[PDB]
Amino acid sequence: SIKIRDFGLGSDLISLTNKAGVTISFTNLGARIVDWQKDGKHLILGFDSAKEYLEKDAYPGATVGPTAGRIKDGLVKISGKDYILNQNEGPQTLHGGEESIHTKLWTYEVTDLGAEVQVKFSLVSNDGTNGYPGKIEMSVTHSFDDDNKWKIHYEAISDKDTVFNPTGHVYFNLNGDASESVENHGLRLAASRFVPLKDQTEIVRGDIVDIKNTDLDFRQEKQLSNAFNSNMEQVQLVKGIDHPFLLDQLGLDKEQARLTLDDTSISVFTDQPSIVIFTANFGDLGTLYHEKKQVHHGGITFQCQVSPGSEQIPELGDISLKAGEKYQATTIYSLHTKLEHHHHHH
């Protein structure tokens, strides 16, 4: 079933329930996921109204871009030309600049396919918005089906050569309570290398490093606490994890990550080359989620995209988008129960 209601400030809340009774909800403010529940438990972080996003933290569950992550000094080179983008984090351009796409009301249409329901959100980034050449016609389709798969499909076309590398900013917390650390979750991730950050400004260091057999090696499932407890320089730099992980094998067919807590698992599939993992390293900020004060490490993202820093590390990829060329990206989060035996204590 599909239900809709005002969510505040003129945004709407679109709630879907599949045949298995799992419910998931989205808002056109930022073409964002608001909630995902199984048996009355929140599997992700979200707020109860649009205003909360605008006043507390506008990134959770949002579609972010046109470029996700940090761009050093807001500088990109487009078809031999240098362009300077809005700089919203010091000299850095973070998630497309200030008042970016995650803050706008997108228009949308819902398509009921029966075993699958699609919510296609649309928005036009005008030419020159935040320094980006355009215009860019974007669309984000979120869909949920009877097999418990939540899929995100991105599409975009630009009138001018530009750059495009958006992502979905959901935060998982299988505890269903923001005040509970995700250190008790087990994580498996098919990546042998990561991108280190230069310093507290979080721009990339410039090298790619092998993490096999370190506390950041999750090729084989391990508790997140192993990482959180680590004193590796990179962990200490950010007080948790806030880095791009380079997938070892590409392809939408491969389970690239799996996050488990007791009998519940979330599997990640994508056609993108990397996954930026940020573990809500907010310290004592304590943003309130459903009246629960969020704890340091009270959430984790799986931002699938071309890794940030390609400006400095060309090997990471090319996010340029030629005029008239159609961009597409697909990311899938799937829910499972009793996928494996995960019985731990923290």
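Numbers follow the displayed sequence, beginning with 1.
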item: Selected stretch [higher average CA B-factor]: 149-157 or 250-258; value: 250-258
item: 77-85 versus 166-174 - which carries the larger mean C-alpha B factor in the record; value: 77-85
item: Residue, from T141, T129, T103, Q220, that the PDB entry assigns the highest Cα B-factor; value: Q220
item: Candidate residues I71, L123, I211, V182, the one whose C-alpha B factor the record puts highest; value: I211
item: Modelled-residue ranking by C-alpha temperature factor, third containing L13; value: lowest
item: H344 CA temperature factor, ranked by third within the chain; value: middle
item: Assigned third (lowest, middle, highest) for the C-alpha B factor of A227; value: highest
item: Ranked against its chain, the third holding the CA B-factor of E52; value: lowest
item: Third assignment of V119 from its chain's C-alpha B-factors; value: lowest
